[PDB]
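Number of protein chains: 2
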Amino acid sequence: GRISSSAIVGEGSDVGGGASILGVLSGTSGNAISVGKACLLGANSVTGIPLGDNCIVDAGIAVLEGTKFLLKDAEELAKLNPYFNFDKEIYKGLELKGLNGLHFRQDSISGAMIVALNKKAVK
Amino acid sequence: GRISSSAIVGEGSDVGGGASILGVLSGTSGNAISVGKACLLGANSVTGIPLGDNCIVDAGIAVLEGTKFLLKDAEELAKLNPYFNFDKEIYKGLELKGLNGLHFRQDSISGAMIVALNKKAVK
Ligand SMILES: [Cl-]
Ligand SMILES: [Cl-]
Ligand SMILES: [Cl-]
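Protein sequence lines, in the order shown, are assigned to chains X and Y. Position one of the first sequence corresponds to residue 1 (my numbering), numbered consecutively onward. Position one of the second sequence corresponds to residue 124 (my numbering), numbered consecutively onward.
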């Protein structure tokens, strides 16, 4: 897939067929996008935020700065991300930037965008 | 409708046919339920939390301590409820207790439970 200027992809990551990684976050002090180690970006996905290590974006999913996600697995994600405040239920893409062990997926019954634990990231 | 022991209903309120108002909130320091002035509780609704003034519970809706609601009209609700923090998008019934101008309804297309502005409460 496509790595825009300023975007950095970490060791062991897999950028799937036709995936997009955008380069620079929106705004005036909009910073560069980095994807961490061992991230898996699905075919035809779009990654518009920085991701930490061991994150998964399912095929077809667009993870943009303003996309809202329903958080699942808060207790396990807290362990991988001890400074982050997992107090609420809905987060914008931009709020989740740089976190480790995230799994972005769509609930195929309800249609909701979810941010959950990458089960492999605990181990 | 049905007013349980410890429940108080304020002036000008209308308790619709078969509505339930519960009396005491759950737990050990579980406090009594009060509905404020000019509240409208729909037929066959259930009110399980304290409500402030000018609140509306649509017919058929159950507003329980643990029910989650999607907040709409945050800026206008902030005006009626200046100390409350409308920072997030999803609130449990119990978190919303005692607030003024709330309108509890169901989104009939998405099926989501909503807490919104009672349009009459601004005026
Ligand atoms: Cl393509
Ligand atoms: Cl009845
Ligand atoms: Cl929320």
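Think of the CB as a built atom: it goes at the ideal place given N, C-alpha and C, for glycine as much as any other residue.
| Item | Value |
| --- | --- |
| Residues sharing a beta bridge with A62/X, DSSP | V46/X |
| Residue ranges of each beta strand (DSSP E) within the segment 129–177 of chain Y, 3 or longer | none |
| Proximity winner among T28/X, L41/X, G10/X and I49/X, relative to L22/X (alpha-carbon distances) | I49/X |
| Contact set for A112/X: own chain, Cβ-Cβ below 6 Å, skip 5 residues either direction | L70 |
| Delimiting residues of the alpha helix (DSSP H) encompassing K242/Y | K242 to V245 |
| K211/Y Cβ short of 7 Å to ligand 3 heavy atom set | yes |
| Segments of 3+ residues assigned as beta strand (DSSP E) that fall wholly inside the segment 180–241 of chain Y | 191–194, 213–215, 225–229 and 236–240 |
| Neighbourhood of residue 128/X by C-beta distance below 8 Å, restricted to the same chain and skipping five residues each side | No information on residue 128/X is available, as it lies outside the stretch 1 to 123 that chain X covers here. |
| Contact with chain Y by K120/X, beta-carbon distance below 8 Å | no |
| Neighbour flag for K97/X against chain Y, beta carbons, 8 Å | no |
| Straight-line gap, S127/Y to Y83/X (C-alpha atoms, nearest Å) | 45 Å |
| Partner residues on chain Y for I90/X, Cβ-Cβ distance less than 8 Å | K211, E212 and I213 |
| Environment of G101/X [buried if 16+ CB atoms lie within 10 Å] | buried |
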